[PDB]
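J.: What follows is run-v7.cif; its format and atoms are mmCIF, C-alpha atoms and all ligand atoms.
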data_work
loop_
_atom_site.label_atom_id
_atom_site.label_comp_id
_atom_site.auth_asym_id
_atom_site.auth_seq_id
_atom_site.Cartn_x
_atom_site.Cartn_y
_atom_site.Cartn_z
CA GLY L 1 114.02 21.81 62.83
CA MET L 2 110.88 20.18 64.24
CA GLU L 3 111.23 17.29 66.65
CA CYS L 4 108.83 15.29 68.74
CA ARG L 5 109.57 14.08 72.29
CA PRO L 6 107.66 12.26 75.02
CA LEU L 7 105.94 14.30 77.71
CA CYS L 8 107.72 14.42 81.04
CA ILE L 9 106.87 15.58 84.55
CA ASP L 10 108.31 19.03 83.82
CA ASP L 11 105.58 19.58 81.22
CA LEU L 12 102.89 20.09 83.89
CA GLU L 13 102.45 23.78 83.07
CA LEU L 14 102.59 23.16 79.31
CA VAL L 15 99.75 20.67 79.43
CA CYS L 16 97.59 22.99 81.56
CA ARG L 17 98.22 25.84 79.09
CA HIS L 18 97.30 23.61 76.15
CA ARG L 19 94.07 22.46 77.77
CA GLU L 20 92.96 26.02 78.56
CA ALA L 21 93.90 27.36 75.09
CA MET L 22 92.16 24.45 73.30
CA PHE L 23 88.91 24.97 75.23
CA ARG L 24 89.03 28.78 75.03
CA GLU L 25 89.49 28.65 71.27
CA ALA L 26 86.60 26.16 71.08
CA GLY L 27 84.33 28.75 72.80
CA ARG L 28 84.19 27.57 76.42
CA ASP L 29 83.64 30.31 79.01
CA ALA L 30 86.83 31.85 80.34
CA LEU L 31 85.41 31.86 83.85
CA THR L 32 84.59 28.17 83.67
CA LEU L 33 88.18 27.45 82.52
CA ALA L 34 89.43 29.58 85.41
CA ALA L 35 87.39 27.40 87.81
CA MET L 36 88.86 24.27 86.21
CA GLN L 37 92.46 25.49 86.40
CA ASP L 38 93.58 24.40 89.86
CA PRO L 39 91.45 21.19 89.97
CA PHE L 40 92.92 20.09 86.62
CA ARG L 41 96.54 20.83 87.63
CA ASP L 42 96.06 18.89 90.89
CA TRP L 43 94.54 15.99 88.93
CA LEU L 44 97.35 15.96 86.34
CA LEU L 45 100.35 16.14 88.65
CA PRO L 46 100.24 12.56 90.04
CA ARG L 47 99.26 11.13 86.66
CA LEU L 48 102.27 12.63 84.85
CA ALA L 49 104.29 11.17 87.71
CA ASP L 50 102.95 7.63 87.35
CA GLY L 51 102.60 7.66 83.56
CA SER L 52 98.83 7.25 83.48
CA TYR L 53 98.83 10.54 81.56
CA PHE L 54 101.30 10.25 78.73
CA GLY L 55 101.79 12.01 75.41
CA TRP L 56 104.06 13.82 73.05
CA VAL L 57 105.37 17.35 72.51
CA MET L 58 106.35 18.92 69.15
CA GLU L 59 109.25 21.36 69.40
CA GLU L 60 110.91 23.83 67.05
CA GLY L 61 114.56 24.17 67.95
CA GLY L 62 113.73 22.96 71.46
CA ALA L 63 110.67 25.26 71.97
CA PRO L 64 107.32 23.46 72.49
CA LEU L 65 104.75 24.42 69.81
CA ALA L 66 102.20 21.63 70.28
CA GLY L 67 101.23 18.71 72.45
CA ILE L 68 98.88 15.77 72.80
CA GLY L 69 97.74 13.67 75.75
CA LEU L 70 96.82 9.99 75.96
CA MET L 71 95.42 7.65 78.58
CA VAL L 72 94.29 4.05 78.71
CA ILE L 73 91.09 4.12 80.74
CA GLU L 74 89.28 1.30 82.49
CA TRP L 75 86.14 0.30 80.59
CA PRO L 76 83.76 -2.69 80.55
CA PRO L 77 84.41 -5.23 77.79
CA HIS L 78 82.36 -3.97 74.88
CA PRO L 79 81.43 -5.04 71.37
CA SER L 80 84.12 -2.67 69.97
CA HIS L 81 86.71 -4.36 72.23
CA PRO L 82 85.10 -7.59 73.41
CA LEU L 83 88.25 -9.02 74.97
CA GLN L 84 89.57 -5.85 76.63
CA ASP L 85 88.46 -4.05 79.79
CA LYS L 86 90.05 -0.80 78.60
CA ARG L 87 90.00 1.79 75.84
CA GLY L 88 92.42 4.44 74.61
CA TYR L 89 91.61 8.09 75.23
CA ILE L 90 93.15 11.08 73.44
CA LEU L 91 92.90 14.56 74.92
CA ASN L 92 94.45 18.04 75.01
CA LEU L 93 95.65 18.21 71.40
CA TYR L 94 96.78 21.80 70.93
CA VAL L 95 98.85 23.33 68.15
CA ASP L 96 100.32 26.87 68.26
CA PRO L 97 98.13 29.11 66.07
CA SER L 98 101.08 30.20 63.92
CA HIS L 99 102.06 26.61 63.12
CA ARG L 100 98.81 25.08 61.87
CA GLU L 101 99.70 24.57 58.20
CA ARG L 102 102.51 22.08 58.78
CA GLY L 103 100.76 18.74 59.54
CA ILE L 104 101.60 18.91 63.26
CA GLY L 105 98.18 17.90 64.54
CA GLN L 106 98.07 14.89 62.22
CA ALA L 107 101.65 13.97 63.20
CA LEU L 108 100.78 14.04 66.92
CA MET L 109 97.61 12.04 66.28
CA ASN L 110 99.71 9.48 64.40
CA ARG L 111 102.09 9.23 67.35
CA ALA L 112 99.20 8.77 69.78
CA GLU L 113 97.50 6.11 67.66
CA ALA L 114 100.85 4.28 67.18
CA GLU L 115 101.42 4.31 70.94
CA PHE L 116 98.00 2.67 71.44
CA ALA L 117 98.95 0.07 68.80
CA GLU L 118 102.25 -0.66 70.57
CA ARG L 119 100.27 -1.13 73.78
CA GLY L 120 97.86 -3.59 72.07
CA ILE L 121 94.80 -1.39 72.62
CA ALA L 122 91.79 -2.45 70.53
CA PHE L 123 89.72 0.76 70.51
CA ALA L 124 90.12 4.46 71.27
CA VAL L 125 87.93 7.52 71.75
CA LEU L 126 88.36 11.31 71.89
CA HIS L 127 86.10 14.34 72.32
CA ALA L 128 86.50 16.58 69.31
CA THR L 129 86.36 20.32 68.94
CA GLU L 130 84.56 21.53 65.78
CA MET L 131 87.96 22.69 64.54
CA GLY L 132 89.59 19.25 64.95
CA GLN L 133 86.71 17.17 63.60
CA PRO L 134 87.57 17.29 59.86
CA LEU L 135 91.10 16.00 60.50
CA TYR L 136 89.83 13.21 62.74
CA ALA L 137 87.25 12.18 60.16
CA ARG L 138 89.98 12.17 57.48
CA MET L 139 92.03 9.95 59.78
CA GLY L 140 89.22 7.37 60.10
CA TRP L 141 87.54 8.53 63.30
CA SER L 142 83.74 8.17 63.52
CA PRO L 143 81.14 9.96 65.64
CA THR L 144 79.81 7.87 68.52
CA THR L 145 76.37 7.70 70.11
CA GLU L 146 77.49 9.41 73.33
CA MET L 147 75.09 11.84 74.93
CA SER L 148 75.44 13.98 78.03
CA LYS L 149 73.40 15.81 80.65
CA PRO L 150 74.23 18.17 83.51
CA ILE L 151 72.98 16.72 86.79
CA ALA L 152 73.97 18.91 89.78
CA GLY L 153 76.12 21.12 87.49
CA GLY S 1 52.36 -4.48 90.79
CA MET S 2 55.59 -2.91 89.53
CA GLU S 3 58.36 -2.16 91.98
CA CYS S 4 61.90 -0.93 91.68
CA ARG S 5 64.80 -2.21 93.81
CA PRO S 6 68.55 -1.66 93.96
CA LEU S 7 70.83 -4.08 92.14
CA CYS S 8 72.57 -6.62 94.32
CA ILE S 9 75.39 -9.12 93.88
CA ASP S 10 72.90 -11.84 92.96
CA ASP S 11 71.96 -9.88 89.83
CA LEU S 12 75.23 -10.79 88.07
CA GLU S 13 73.50 -12.99 85.49
CA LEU S 14 70.63 -10.51 85.01
CA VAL S 15 72.99 -7.69 84.13
CA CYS S 16 74.94 -9.87 81.66
CA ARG S 17 71.66 -10.90 79.99
CA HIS S 18 70.53 -7.27 79.75
CA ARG S 19 73.81 -6.15 78.21
CA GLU S 20 73.73 -8.90 75.56
CA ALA S 21 70.04 -8.36 74.72
CA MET S 22 70.48 -4.55 74.48
CA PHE S 23 73.42 -4.87 72.07
CA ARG S 24 71.87 -7.70 70.04
CA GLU S 25 68.69 -5.70 69.54
CA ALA S 26 70.82 -2.69 68.54
CA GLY S 27 72.39 -4.80 65.74
CA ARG S 28 75.77 -5.84 67.17
CA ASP S 29 77.14 -9.14 65.88
CA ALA S 30 76.11 -12.16 67.92
CA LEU S 31 79.61 -13.60 67.65
CA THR S 32 81.15 -10.40 68.97
CA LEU S 33 78.73 -10.48 71.95
CA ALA S 34 79.69 -14.12 72.49
CA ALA S 35 83.37 -13.07 72.65
CA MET S 36 82.47 -10.32 75.14
CA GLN S 37 80.43 -12.61 77.40
CA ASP S 38 83.03 -14.07 79.75
CA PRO S 39 85.29 -10.95 79.83
CA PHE S 40 82.28 -8.79 80.77
CA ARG S 41 81.07 -11.17 83.52
CA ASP S 42 84.58 -11.32 85.00
CA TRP S 43 84.77 -7.51 84.89
CA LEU S 44 81.34 -7.05 86.51
CA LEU S 45 81.66 -9.50 89.39
CA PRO S 46 84.07 -7.51 91.60
CA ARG S 47 82.35 -4.23 90.76
CA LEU S 48 78.91 -5.43 91.89
CA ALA S 49 80.73 -6.59 95.01
CA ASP S 50 82.33 -3.23 95.79
CA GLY S 51 79.46 -1.06 94.56
CA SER S 52 81.38 0.61 91.75
CA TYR S 53 78.69 -0.84 89.47
CA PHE S 54 75.33 0.07 90.90
CA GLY S 55 71.82 0.38 89.50
CA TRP S 56 68.19 -0.50 89.74
CA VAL S 57 65.88 -3.35 88.72
CA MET S 58 62.17 -3.04 87.81
CA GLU S 59 60.09 -6.05 88.86
CA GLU S 60 56.54 -7.23 88.25
CA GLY S 61 55.36 -9.27 91.21
CA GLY S 62 59.00 -9.97 92.08
CA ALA S 63 60.10 -10.92 88.50
CA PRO S 64 62.77 -8.67 86.94
CA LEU S 65 61.55 -7.03 83.69
CA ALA S 66 64.15 -4.28 83.30
CA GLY S 67 67.38 -2.90 84.65
CA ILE S 68 69.83 -0.04 84.47
CA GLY S 69 73.49 0.35 85.44
CA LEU S 70 75.39 3.35 86.77
CA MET S 71 78.99 4.19 87.58
CA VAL S 72 80.90 7.25 88.68
CA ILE S 73 84.06 7.20 86.59
CA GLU S 74 87.33 9.03 87.12
CA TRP S 75 87.70 11.93 84.69
CA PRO S 76 89.88 15.06 84.41
CA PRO S 77 88.25 18.27 85.63
CA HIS S 78 86.48 19.62 82.59
CA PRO S 79 84.50 22.68 81.55
CA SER S 80 81.24 20.70 82.06
CA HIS S 81 82.37 19.84 85.62
CA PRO S 82 85.23 22.22 86.39
CA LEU S 83 85.44 21.35 90.08
CA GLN S 84 85.01 17.57 89.81
CA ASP S 85 87.45 14.85 88.72
CA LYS S 86 84.58 12.48 87.92
CA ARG S 87 81.50 12.04 85.78
CA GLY S 88 78.40 9.85 85.96
CA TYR S 89 78.02 7.02 83.46
CA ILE S 90 74.78 5.19 82.61
CA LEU S 91 74.87 1.82 80.88
CA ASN S 92 72.97 -1.42 80.24
CA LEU S 93 69.43 0.01 80.21
CA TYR S 94 67.25 -2.86 79.03
CA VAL S 95 63.48 -3.23 79.15
CA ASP S 96 61.62 -6.49 78.43
CA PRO S 97 60.15 -6.23 74.90
CA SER S 98 56.60 -6.92 76.13
CA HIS S 99 56.74 -4.09 78.67
CA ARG S 100 57.87 -1.10 76.61
CA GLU S 101 54.68 0.98 76.69
CA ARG S 102 54.64 1.57 80.44
CA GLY S 103 57.27 4.31 81.06
CA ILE S 104 59.78 1.84 82.56
CA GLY S 105 62.83 3.12 80.70
CA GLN S 106 62.08 6.71 81.68
CA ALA S 107 61.44 5.62 85.29
CA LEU S 108 64.81 3.83 85.47
CA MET S 109 66.55 6.81 83.88
CA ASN S 110 64.92 9.05 86.49
CA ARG S 111 66.20 6.79 89.26
CA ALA S 112 69.72 6.83 87.81
CA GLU S 113 69.79 10.60 87.38
CA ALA S 114 68.41 11.09 90.94
CA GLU S 115 71.13 8.80 92.31
CA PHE S 116 73.77 10.97 90.60
CA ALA S 117 72.10 14.06 92.13
CA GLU S 118 72.17 12.49 95.60
CA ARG S 119 75.86 11.79 95.07
CA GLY S 120 76.53 15.44 94.07
CA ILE S 121 77.70 14.54 90.56
CA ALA S 122 77.87 17.54 88.21
CA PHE S 123 77.73 15.84 84.80
CA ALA S 124 76.85 12.47 83.28
CA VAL S 125 77.23 10.65 79.97
CA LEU S 126 75.81 7.54 78.28
CA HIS S 127 76.19 5.79 74.92
CA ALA S 128 72.81 5.60 73.26
CA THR S 129 71.27 3.01 71.01
CA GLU S 130 69.20 4.45 68.13
CA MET S 131 66.14 3.05 69.91
CA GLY S 132 66.87 4.86 73.19
CA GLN S 133 67.94 8.20 71.69
CA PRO S 134 64.48 9.85 71.39
CA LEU S 135 63.72 9.25 75.08
CA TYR S 136 67.10 10.59 76.14
CA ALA S 137 66.66 13.69 74.00
CA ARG S 138 63.19 14.20 75.52
CA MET S 139 64.81 13.91 78.94
CA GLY S 140 67.34 16.68 78.19
CA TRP S 141 70.32 14.64 77.01
CA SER S 142 72.47 16.12 74.22
CA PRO S 143 74.81 14.51 71.69
CA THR S 144 78.49 15.00 72.49
CA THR S 145 81.50 15.46 70.23
CA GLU S 146 82.93 12.01 70.99
CA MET S 147 84.53 10.12 68.14
CA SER S 148 86.09 6.68 68.01
CA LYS S 149 88.53 4.57 66.03
CA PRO S 150 89.59 0.92 66.11
CA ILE S 151 93.33 0.66 66.73
CA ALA S 152 94.47 -2.98 67.06
CA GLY S 153 90.81 -4.16 67.00
MG MG X 1 111.93 16.54 82.03
MG MG X 2 82.02 8.12 75.84
MG MG X 3 70.57 -10.24 96.77
MG MG X 4 83.18 10.03 75.94
ZN ZN X 5 108.12 28.23 63.50
ZN ZN X 6 53.53 -7.65 82.73
#
Now that the file is in, can you turn its structure into structure tokens?
Ligand SMILES: [Mg+2]
Ligand SMILES: [Mg+2]
Ligand SMILES: [Mg+2]
Ligand SMILES: [Mg+2]
Ligand SMILES: [Zn+2]
Ligand SMILES: [Zn+2]
T.:
Amino acid sequence: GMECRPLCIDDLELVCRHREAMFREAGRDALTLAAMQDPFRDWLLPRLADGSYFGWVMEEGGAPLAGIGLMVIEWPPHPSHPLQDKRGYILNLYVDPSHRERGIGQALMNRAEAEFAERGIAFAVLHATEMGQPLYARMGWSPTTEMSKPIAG
Amino acid sequence: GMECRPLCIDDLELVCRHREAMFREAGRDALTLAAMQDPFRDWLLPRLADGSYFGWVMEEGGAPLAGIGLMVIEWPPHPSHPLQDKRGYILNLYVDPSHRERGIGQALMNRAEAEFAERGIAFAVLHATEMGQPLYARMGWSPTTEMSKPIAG
């Protein structure tokens, strides 16, 4: 059957694979993801260790098919969370391509949101792929007013 | 004349005033901003002190008319900055209502972006108000795929 478990330190490679696959499928350049590979792994390692990167893995008979990441990031108190100097952040949601008609992505999102609730977090954000956006909207997520610009990059 | 200067620790109250005015004018609830007031001030104080919140003030004959804030936040290496575990963040841009036809907002944005360039930052983000958005777009800023959801808030 299908079971969910918390991420652990031994999931380092899994998370890196999920991140790359998610971005590749969303149309990011393979060479850019190759440049990101080692920097991301080096970033993730200590944060799995100290729990600042947490999340959940969905497994079929013990084999990981999907994963999600979550963080609680420092943020200035804000009208969406006037009393809190933090917000939730969801990242690296990836579901195996042959297992996308089973509610896995929604199940992992539910686990992530529930974890934020348990932690008393007022407000959360994520950066969607075009593929994920309809699910997030269905689940009560709204587009923000964020904008971006390359500076030296 | 009009002169720009770096923010200093004595600008604590100025920055808090700018933040409130910016959000009020953007249509955020006055009561919510009132709830944010003390938490935000307490958050800002040590960060002005240590430079993690930096920025610039525009003055007319020594009287502050406008300000902008900038931070370099921790972030996982990402396809928009594959080699860097950080991104630039711009916040609290406010211009006195009687001085909005003078290019001040664009001038402060230019100073902020140049500061990020000096610091070798690859990529930056901001959260726009509807009022600011046309300027940012003119200045080469693009909407992101960020979405948000209240959790316990
Ligand atoms: Mg283990
Ligand atoms: Mg954002
Ligand atoms: Mg001073
Ligand atoms: Mg964002
Ligand atoms: Zn299966
Ligand atoms: Zn004047």
J.: Counting all atoms listed in the file, name the residues that have an atom within 12 Å of an atom of ligand MG 1 (chain X); the answer should be given as a PyMOL selection string.
T.: chain L and resi 5-14+48-49+57
J.: Can you write just those residues out, C-alpha atoms, as a compact mmCIF listing (two decimals), in the frame of the given file?
T.:
# COMPACT_ATOMS: atom_id res chain seq x y z
CA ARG L 5 109.57 14.08 72.29
CA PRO L 6 107.66 12.26 75.02
CA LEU L 7 105.94 14.30 77.71
CA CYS L 8 107.72 14.42 81.04
CA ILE L 9 106.87 15.58 84.55
CA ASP L 10 108.31 19.03 83.82
CA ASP L 11 105.58 19.58 81.22
CA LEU L 12 102.89 20.09 83.89
CA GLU L 13 102.45 23.78 83.07
CA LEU L 14 102.59 23.16 79.31
CA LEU L 48 102.27 12.63 84.85
CA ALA L 49 104.29 11.17 87.71
CA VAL L 57 105.37 17.35 72.51
J.: Considering all atoms listed in the file, state which residue in the set S:75, S:40, S:94, S:89 is at the smallest distance from chain L.
T.: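 Between S:75, S:40, S:94, S:89, the residue approaching chain L most closely is S:40.
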J.: Using all atoms listed in the file, find which residues of chain L lie within 8 Å of chain S and jot them down as a short mmCIF file (atom, residue, chain, number, x, y, z; two decimals) with C-alpha atoms, in the coordinates of the input.
T.:
data_model
loop_
_atom_site.label_atom_id
_atom_site.label_comp_id
_atom_site.auth_asym_id
_atom_site.auth_seq_id
_atom_site.Cartn_x
_atom_site.Cartn_y
_atom_site.Cartn_z
CA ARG L 28 84.19 27.57 76.42
CA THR L 32 84.59 28.17 83.67
CA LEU L 33 88.18 27.45 82.52
CA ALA L 35 87.39 27.40 87.81
CA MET L 36 88.86 24.27 86.21
CA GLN L 37 92.46 25.49 86.40
CA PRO L 39 91.45 21.19 89.97
CA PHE L 40 92.92 20.09 86.62
CA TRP L 43 94.54 15.99 88.93
CA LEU L 44 97.35 15.96 86.34
CA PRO L 76 83.76 -2.69 80.55
CA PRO L 77 84.41 -5.23 77.79
CA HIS L 78 82.36 -3.97 74.88
CA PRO L 79 81.43 -5.04 71.37
CA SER L 80 84.12 -2.67 69.97
CA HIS L 81 86.71 -4.36 72.23
CA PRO L 82 85.10 -7.59 73.41
CA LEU L 83 88.25 -9.02 74.97
CA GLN L 84 89.57 -5.85 76.63
CA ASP L 85 88.46 -4.05 79.79
CA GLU L 113 97.50 6.11 67.66
CA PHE L 116 98.00 2.67 71.44
CA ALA L 117 98.95 0.07 68.80
CA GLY L 120 97.86 -3.59 72.07
CA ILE L 121 94.80 -1.39 72.62
CA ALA L 122 91.79 -2.45 70.53
CA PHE L 123 89.72 0.76 70.51
CA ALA L 124 90.12 4.46 71.27
CA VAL L 125 87.93 7.52 71.75
CA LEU L 126 88.36 11.31 71.89
CA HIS L 127 86.10 14.34 72.32
CA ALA L 128 86.50 16.58 69.31
CA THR L 129 86.36 20.32 68.94
CA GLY L 140 89.22 7.37 60.10
CA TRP L 141 87.54 8.53 63.30
CA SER L 142 83.74 8.17 63.52
CA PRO L 143 81.14 9.96 65.64
CA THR L 144 79.81 7.87 68.52
CA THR L 145 76.37 7.70 70.11
CA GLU L 146 77.49 9.41 73.33
CA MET L 147 75.09 11.84 74.93
CA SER L 148 75.44 13.98 78.03
CA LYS L 149 73.40 15.81 80.65
CA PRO L 150 74.23 18.17 83.51
CA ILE L 151 72.98 16.72 86.79
CA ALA L 152 73.97 18.91 89.78
CA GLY L 153 76.12 21.12 87.49
#
J.: With distances taken over all atoms listed in the file, which residue among L:112, L:70, L:65, L:45 lies nearest ligand ZN 5 (chain X)?
T.: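 Result for the nearest residue to ligand ZN 5 (chain X): L:65.
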J.: In Å, rounded to a single decimal, give me how far CA of residue 72 (chain S) is from CA of residue 60 (chain S).
T.: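 One can read the CA of residue 60 (chain S) to CA of residue 72 (chain S) distance as 28.3 Å.
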J.: Report, in Å to a single decimal, how far apart CA of residue 58 (chain L) and CA of residue 2 (chain L) are.
T.: 6.8 Å
J.: Any chance you could tabulate, as JSON lines, the residues of chain S at most 12 Å from ligand ZN 6 (chain X) with each one's nearest atom pair and distance in Å to one decimal, using all atoms listed in the file, in chain and rising number order?
T.:
{"residue": "S:1", "atom": "CA", "partner": "X:ZN6", "partner_atom": "ZN", "distance": 8.7}
{"residue": "S:2", "atom": "CA", "partner": "X:ZN6", "partner_atom": "ZN", "distance": 8.5}
{"residue": "S:3", "atom": "CA", "partner": "X:ZN6", "partner_atom": "ZN", "distance": 11.8}
{"residue": "S:58", "atom": "CA", "partner": "X:ZN6", "partner_atom": "ZN", "distance": 11.0}
{"residue": "S:59", "atom": "CA", "partner": "X:ZN6", "partner_atom": "ZN", "distance": 9.1}
{"residue": "S:60", "atom": "CA", "partner": "X:ZN6", "partner_atom": "ZN", "distance": 6.3}
{"residue": "S:61", "atom": "CA", "partner": "X:ZN6", "partner_atom": "ZN", "distance": 8.8}
{"residue": "S:62", "atom": "CA", "partner": "X:ZN6", "partner_atom": "ZN", "distance": 11.1}
{"residue": "S:63", "atom": "CA", "partner": "X:ZN6", "partner_atom": "ZN", "distance": 9.3}
{"residue": "S:64", "atom": "CA", "partner": "X:ZN6", "partner_atom": "ZN", "distance": 10.2}
{"residue": "S:65", "atom": "CA", "partner": "X:ZN6", "partner_atom": "ZN", "distance": 8.1}
{"residue": "S:66", "atom": "CA", "partner": "X:ZN6", "partner_atom": "ZN", "distance": 11.2}
{"residue": "S:95", "atom": "CA", "partner": "X:ZN6", "partner_atom": "ZN", "distance": 11.5}
{"residue": "S:96", "atom": "CA", "partner": "X:ZN6", "partner_atom": "ZN", "distance": 9.2}
{"residue": "S:97", "atom": "CA", "partner": "X:ZN6", "partner_atom": "ZN", "distance": 10.4}
{"residue": "S:98", "atom": "CA", "partner": "X:ZN6", "partner_atom": "ZN", "distance": 7.3}
{"residue": "S:99", "atom": "CA", "partner": "X:ZN6", "partner_atom": "ZN", "distance": 6.3}
{"residue": "S:100", "atom": "CA", "partner": "X:ZN6", "partner_atom": "ZN", "distance": 10.0}
{"residue": "S:101", "atom": "CA", "partner": "X:ZN6", "partner_atom": "ZN", "distance": 10.6}
{"residue": "S:102", "atom": "CA", "partner": "X:ZN6", "partner_atom": "ZN", "distance": 9.6}
{"residue": "S:104", "atom": "CA", "partner": "X:ZN6", "partner_atom": "ZN", "distance": 11.4}
